[PDB]
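Student:
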Amino acid sequence: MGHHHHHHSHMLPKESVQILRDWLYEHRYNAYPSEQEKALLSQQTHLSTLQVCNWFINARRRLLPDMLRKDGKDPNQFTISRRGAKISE
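Note that the deposited numbering has the sequence shown beginning at 1, numbered continuously upward.
(1) Where are the alpha helix (DSSP H) runs, 4 residues long or more, that stay fully inside the segment 12-59, in chain order?
(2) Applying the criterion that 16 or more other CB atoms from any shown protein chain within 10 Å of the CB defines a buried residue, is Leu50 buried or exposed?
(3) To which residues of the same chain is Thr79 closer than 6 Å at the C-beta, ignoring the five residues directly before and after it?
(4) Assess, as a yes-or-no matter, whether the segment 40-57 is touched by the segment 67-84 under the definition of 3 or more beta carbon pairs within less than 8 Å.
(5) Taking all protein chains shown into account, decide if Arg82 is buried (16 or more other Cβ within 10 angstroms of its Cβ) or exposed.
(6) Buried or exposed: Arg60, going by 16 or more other Cβ atoms within 10 Å of its Cβ?
(7) Across the segment 2-10 and the segment 29-43, are there enough close Cβ pairs to call them in contact, namely three or more that are closer than 8 Å?
(8) Can you tell me whether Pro65 is helix, strand or coil according to DSSP?
Okay, structure coming up:
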């Protein structure tokens, strides 16, 4: 009873992004890696801890830079933009 599946990155639903983004936006400072944040977001969202944790690392690494540069109250920790995003055609 094998299960057909494919390995490829994908973005989470808009509803999950809004709730996940709202938490990060409200807690941009203490956005640093933490089990309490990952566990709290995991219970709030219908995604697994691994999905939220991996998404948090990527989303945070692409969201903090924009908010930190836009504000400028504490710019640090990987200031990279939205992870490349220089492709366009």
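Ideal Cβ positions, reconstructed from N, Cα and C, are used throughout, including at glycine.
Tutor: Quick look at the numbers:
(1) Taking only runs of at least 4 residues, the alpha helix (DSSP H) segments lying wholly in the segment 12-59 are 14-26 and 35-44.
(2) Within the sequence shown, residue 50 is the residue found at index 50, counting from 1. It is exposed - the Cβ of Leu50 has fewer than 16 other Cβ atoms within 10 Å.
(3) Taking the sequence shown and counting its residues from 1, the one referred to as residue 79 is at position 79. Excluding residues up to 5 positions away in sequence, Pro65 lie with their Cβ nearer than 6 Å to the Cβ of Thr79 in the same chain.
(4) In short, these stretches do not touch, since the Cβ pair count stays below three.
(5) Here residue 82 is taken as the residue at index 82 of the sequence shown, counted from 1. Exposed, because fewer than 16 other Cβ atoms sit within 10 Å of the Cβ of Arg82.
(6) The sequence position of residue 60 within the sequence shown is 60, counting from 1. Classification of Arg60: buried, given that the 10 Å Cβ count is 16 or more.
(7) In short, these stretches do not touch, since the Cβ pair count stays below three.
(8) What you label residue 65 is simply residue 65 of the sequence shown in a count that begins at 1. The answer is helix: DSSP assigns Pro65 an H, G or I state.
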